[PDB]
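Residue-level listing of the chains:
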Amino acid sequence: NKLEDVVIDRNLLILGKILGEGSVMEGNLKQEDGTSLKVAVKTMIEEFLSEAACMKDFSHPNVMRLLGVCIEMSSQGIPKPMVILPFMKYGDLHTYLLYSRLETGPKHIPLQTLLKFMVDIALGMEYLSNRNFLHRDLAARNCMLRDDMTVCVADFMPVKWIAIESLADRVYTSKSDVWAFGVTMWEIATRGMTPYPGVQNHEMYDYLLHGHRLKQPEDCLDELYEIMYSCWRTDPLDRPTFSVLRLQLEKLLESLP
Amino acid sequence: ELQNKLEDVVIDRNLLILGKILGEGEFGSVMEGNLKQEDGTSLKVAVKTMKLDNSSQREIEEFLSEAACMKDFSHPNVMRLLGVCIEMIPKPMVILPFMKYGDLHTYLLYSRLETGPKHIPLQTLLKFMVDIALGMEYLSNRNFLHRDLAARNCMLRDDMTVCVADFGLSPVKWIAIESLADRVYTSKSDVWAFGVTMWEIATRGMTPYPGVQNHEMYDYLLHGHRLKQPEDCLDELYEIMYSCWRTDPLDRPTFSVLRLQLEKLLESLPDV
Ligand SMILES: Cc1nn(CCO)c2c1-c1cnc(N)c(n1)O[C@H](C)c1c(ccc(F)c1Cl)C(=O)N(C)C2
Ligand SMILES: Cc1nn(CCO)c2c1-c1cnc(N)c(n1)O[C@H](C)c1c(ccc(F)c1Cl)C(=O)N(C)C2
């Protein structure tokens, strides 16, 4: 019943072209009501189905839902698991931010829309943290845009998103996700800049050990920078929870004319 | 002849003191250093070590011949070569004037951070483009192919003027359509990389072709797709960078035409 409900019948799925390369493909899923739903299919044993059953029960507007898991049985009898996800035409937030800086792309993103993106991700992360679920790969590239332009957290090495204590040890907590969130806020405020310009991935731990953090973007309100800086406090216990973060962002968005 | 090309660029190894690494790689490292001049004083230098294929003397032959050209370069918007030092298995080292302000690409990214340089106005962005176009025009006049033109390879002098550097001594998103297909290369291929460099400056350090992967580039270009106009970019400035990417290399303007188009555009703007 646990792994049975998460597994989707393979003949309900039709695969299409590659979206990105495990490989990600577009697809069609036949639903209970007779209609077909557009899906994204991520190609990846019994323990995998347990964590997939965990993600399947997540139900929050700022969190991507897992529709199910398809087992592809090869001609040589070897199984291949596939993660079935809802298809989001607008793609990832990182790419969206960069296109916004081009004339053919979306319009110049105003500060009110940049903040609502942060609020969206914070509500999603607050939801996951309450469920005691770790993201472990939070970044603008893993935040997806819904058809109504609201942001959802998804896809739950990236050295420049990893908290100082996680680089030293192998330790990962909700406060490590809070650090990655701070970096994600910086990615949105700079409209897609790669973190730490002029710093190489191999110099990152020493740079962080010496107390250097991501610098304040040029057109960033001091209040906004205070919120992202609070995410990178050396001691994880000094970093705020996603719940504190979410409200600070909502109140900052409220204060803007 | 092998010692003749050496003699014209060679600097005695004991005149050079090596310091800390400024940049590292696979095919060599860059270090800061001190070079003792003939007038007794010492000059701050950048030292580029290059691991060449020593199975034949063809790579050192190619290196020394390029260094002979590089030593005679005399233009304010072109980095001069101070000389060549040999670490002895022979290991050649390129000696360059030290530029504390670093590269243009890193400068552009820093300008977008409150603590870094102030917001670069359009006039100063265009002035950078003019400086590179003057440097590239000087190179093209001497029939010297750069082959690695990018903002990351443009250096700022102490007076904040830009100079063309590196000169491809030996990446996909800077390579002209004809150079991707066949190993073919001309000054017109350098004109393509210049248009890509103009785009980097106008976007203040964005990576070219957001959303497009390096392996998709040839196919993307062959379908007539080009770098998109930055949001705040003048149509007139975009016309200039677009002309650099015409499918046929013969349709692309020379560096001399480009330089004047950018200088005239810069003059048409207020002093503010
Ligand atoms: C239509 C499309 N174009 N592009 C490229 C431009 O963004 C993408 C999608 C897409 C749409 N819908 C999905 N559910 C989906 N992907 O899910 C992926 C598994 C996915 C990523 C990336 C980050 C991430 F969070 C996730 Cl969930 C991915 O692999 N992509 C290729 C992103
Ligand atoms: C002081 C410093 N900090 N940084 C890092 C921030 O830019 C650099 C330098 C530096 C200064 N002066 C030079 N002549 C010099 N390098 O020469 C290098 C051989 C060089 C590059 C890069 C591009 C390029 F065109 C050249 Cl000529 C390089 O390797 N760097 C590490 C750049």
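By the method listed in its record, X-ray crystallography, this PDB entry was determined to a resolution of 2.10 Å.

K.L.:
Whenever I open this one, the site of ligand 2 confuses me. Can you help?
P.N.:
Residues and elements named next belong to chain B. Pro97, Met99, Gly102, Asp103 and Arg152 are the nearest of the 15 residues found near ligand 2. Here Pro97 contributes a backbone N or O atom positioned 2.8 Å from a nitrogen atom of ligand 2. In this structure, an oxygen atom belonging to ligand 2 sits 2.7 Å away from a side-chain N or O atom of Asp103. A total of 590 Å² of accessible area belongs to ligand 2 in isolation, and the protein chains cover 82% of it. Each residue belonging to the shell around ligand 2 can be placed in one class, and the counts come to ten nonpolar, two polar and three charged. Summarising the domain contributions, the shell around ligand 2 has at least three residues from each of domain 1 (1-98) and domain 2 (99-267).

K.L.:
Honestly, the packing of helix α6 (residues 174-189) of chain A against helix α9 (residues 242-255) of chain A in this entry has me stumped. Any pointers?
P.N.:
The axes of two packed helices give the description: the angle between them and the distance between them. Residue and element names in this part refer to chain A. Where α6 meets α9, the closest approach of the two axes is 10 Å, and the angle between their N-to-C directions is 25°. The angle between the axes of α6 and α9 places the two elements in the roughly parallel class. Residues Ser174, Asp177, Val178, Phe181 and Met185 of α6 pack against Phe242, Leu245 and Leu249 of α9. Among the residues forming the contact of α6 with α9, the class breakdown is six nonpolar, one polar and one charged.

K.L.:
Would you explain the environment of A:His108 in this entry?
P.N.:
Summarising the element assignment, A:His108 is placed in the loop between α3 (93-99) and α4 (111-130). Taking the C-alpha atoms as reference points, A:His108 and A:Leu97, eleven residues apart in sequence, are found 9.2 Å from one another.

K.L.:
Is there a simple way to think about α4(A) in this case?
P.N.:
Along an α-helix, a turn takes 3.6 residues, which lines up residues three or four apart on a common side. Counted at 1.5 Å a residue, the expected span for α4(A) with its 20 residues is 28 Å, and the 28 Å between its end C-alpha atoms agrees. Two residues or fewer after α4(A) comes A:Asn132, characterised by a positive phi angle close to 60°.

K.L.:
What should I look at first to understand empty space enclosed by the protein in this one?
P.N.:
Where empty space is left in the structure can be found by rolling a water-sized probe over the atoms. Residues and elements named next belong to chain A. When its volume is computed, the largest cavity comes out at roughly 50 Å³. Every residue lining the largest cavity is listed: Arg136, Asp137, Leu138, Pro158, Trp161, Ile162, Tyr172 and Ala180. Residues that form the lining of the largest cavity fall into these classes: six nonpolar, no polar and two charged.

K.L.:
Would you explain the UniProt feature "active site" in chain B in this entry?
P.N.:
If you check UniProt for "active site", the listed places come out as B:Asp148 in our numbering. For B:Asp148, the location among the structural elements is in the loop between α4 (122-141) and β6 (154-156).

Conventions we followed
Residues numbered from 1 in each chain as written, not as in the entry; some residues may be left out. Chains lettered and ligands numbered in written order. Heavy atoms only, no water. Near = heavy atom within 4 Å. Polar contact = N/O pair within 3.5 Å; in protein donor to acceptor, adjacent residues only side chain to side chain. Areas by Shrake-Rupley, 256 points an atom, 1.4 Å probe, with all protein chains shown as cover. Nonpolar A, V, L, I, M, F, W, Y, C, P; charged D, E, K, R; others polar. Domains from an automatic or database assignment. Axes fitted to C-alpha atoms, helices over the stretch in contact; angles between N-to-C directions. Helix = DSSP H or I, 4+ residues; strand = E, 2+ residues; numbered from the N terminus. Parallel < 35°, antiparallel > 145°, perpendicular 65-115°, else oblique. Contact = heavy atoms within 4.5 Å. Expected span 1.5 Å × (residues − 1). 1 Å grid on protein atoms, 1.4 Å probe; cavity = no way out; pocket = protein on both sides within 12 Å on 5 of 7 lines; lining within 4 Å. Points joined across faces, edges and corners; volume = space filled by probe spheres on them. UniProt positions renumbered as here; feature names shortened; annotations may be inferred.

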